[PDB]
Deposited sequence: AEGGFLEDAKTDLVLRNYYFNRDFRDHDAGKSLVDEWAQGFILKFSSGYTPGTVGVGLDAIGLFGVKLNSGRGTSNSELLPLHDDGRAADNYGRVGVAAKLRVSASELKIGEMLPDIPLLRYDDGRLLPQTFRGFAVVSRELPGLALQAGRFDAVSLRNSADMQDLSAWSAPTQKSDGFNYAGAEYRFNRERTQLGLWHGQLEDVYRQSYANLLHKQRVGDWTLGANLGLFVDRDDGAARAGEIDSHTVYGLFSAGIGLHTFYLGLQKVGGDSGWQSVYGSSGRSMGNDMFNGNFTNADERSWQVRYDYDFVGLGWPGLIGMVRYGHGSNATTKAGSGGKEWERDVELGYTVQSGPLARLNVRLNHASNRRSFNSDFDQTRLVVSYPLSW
């Protein structure tokens, strides 16, 4: 009950950001992300409370912190919880993480949203979702504000609505999804997703097939919007090795849609500094992951992925090309006094015909504490 089950998570996050093309960005900040999650009161109807406290401190563009170059900034969010049978409802400030709205957390503090969300699981294997968010706080801000899409950041919307469904079935091996959302007066989008992961012999073969369709909505504050995106991410794993192949294509007159501030993590070929969702853009990717336990370094794991974009039409022309190279080494102390401590060092190279070229390095040390 409420007190009984209550997780409290504290995560210390020191972040060093470096982007060199104006030719240099070099921030250094310290973040604290405190998450409290109560239990549910015993009974036909369970009531609960959630809260998140975010605090960052600058320390020698507003990537890690808002710039007036703010010394710091923080914020506290609360969310009421009430359950019944196999359905949950949350009103307040939370961390939306669904296909059509994946909160961002690629910097110092997490992007946070405000509204409500329902998650029903009354039928076996099938989960229903719906909710609405009228306000948002960018990751690099301590304030809330109206939502808007990446294709038109200044053009505000009164809210984002969504309803969706996921059906696991099989032996947890497969799963279907159908989601429909709408950023009022901006755009509405439908999404169909299929996931399948199965072992055949020595390999673990996976596939993530998704399809988006984007239409402008109501007042069309972001202009005519007609476009479709398709992707197929394929994985092949064996032992400590994992290979990935990605094929993606954007079609229509405009690009793939989504909420300004949110992560593109939902897109097949999404990488550190972008996916490849410009208008008419065709792309492919290859990725290799390795568990350094095989070399006697049981906490270190690494990745290397290359993505190339093509036929992209933007405000700079047509037939635009681009590629991104991402390399990351992440070590997690497995035991001892500093167990769980995490250290991630990564690098990225971005080149574009239609925009600024640059390189990026990041060192992120994080420490988790929980009660």
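- Query: What stretches of this chain's deposited sequence are missing C-alpha coordinates?
  - Reply: Holes in the chain trace, numbered from 1: 1-3, 25-30, 70-75, 84-87.
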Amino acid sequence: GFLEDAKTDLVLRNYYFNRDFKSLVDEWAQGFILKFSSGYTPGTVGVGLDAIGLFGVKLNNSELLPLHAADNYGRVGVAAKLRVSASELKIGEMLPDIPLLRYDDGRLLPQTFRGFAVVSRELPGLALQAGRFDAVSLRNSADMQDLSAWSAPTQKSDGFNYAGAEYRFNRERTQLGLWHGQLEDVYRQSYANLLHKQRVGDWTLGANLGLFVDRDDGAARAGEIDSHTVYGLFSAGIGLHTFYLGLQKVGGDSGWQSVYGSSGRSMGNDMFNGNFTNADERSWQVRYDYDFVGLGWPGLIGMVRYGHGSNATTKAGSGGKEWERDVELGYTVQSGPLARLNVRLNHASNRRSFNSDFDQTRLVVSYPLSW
From here on, numbers count along this sequence of modelled residues.
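- Item | Stretch with the higher entry mean CA B-factor, where the candidates are 41-49 and 331-339 | Mean CA B-factor is higher for 331-339.
- Message: Tell me which stretch has the larger mean Cα B-factor in this entry, 227-235 or 140-148.
- Response: Here the higher of the two C-alpha B-factor means belongs to 140-148.
- Would you mind checking which of 92, 181, 299, 255 has the top Cα temperature factor in the PDB entry? If I rank 92, 181, 299, 255 by C-alpha B-factor, first place goes to 299.
- Item | Residue with highest C-alpha B-factor in the PDB entry, from 189, 112, 87, 277 | So the option with the highest C-alpha B-factor is 87.
- Query: Mind checking which third residue 200 falls in for C-alpha B-factor across the chain?
  - Reply: Highest third, going by the recorded CA B-factors of the chain.
- Would you mind ranking residue 323 by its C-alpha B-factor against the rest of the chain and naming the third, lowest, middle or highest? Lowest third.
- Ordered by C-alpha B-factor within the chain, which third holds residue 172? Give me lowest, middle or highest, please. CA B-factor rank for residue 172: highest third.
- Modelled-residue ranking by C-alpha temperature factor, third containing residue 313: As the PDB entry reports it, the C-alpha B-factor of residue 313 lands in the highest third of its chain.
- Item | residue 120 - which third its CA temperature factor falls in, relative to the rest of the chain | It falls in the middle third of the chain.
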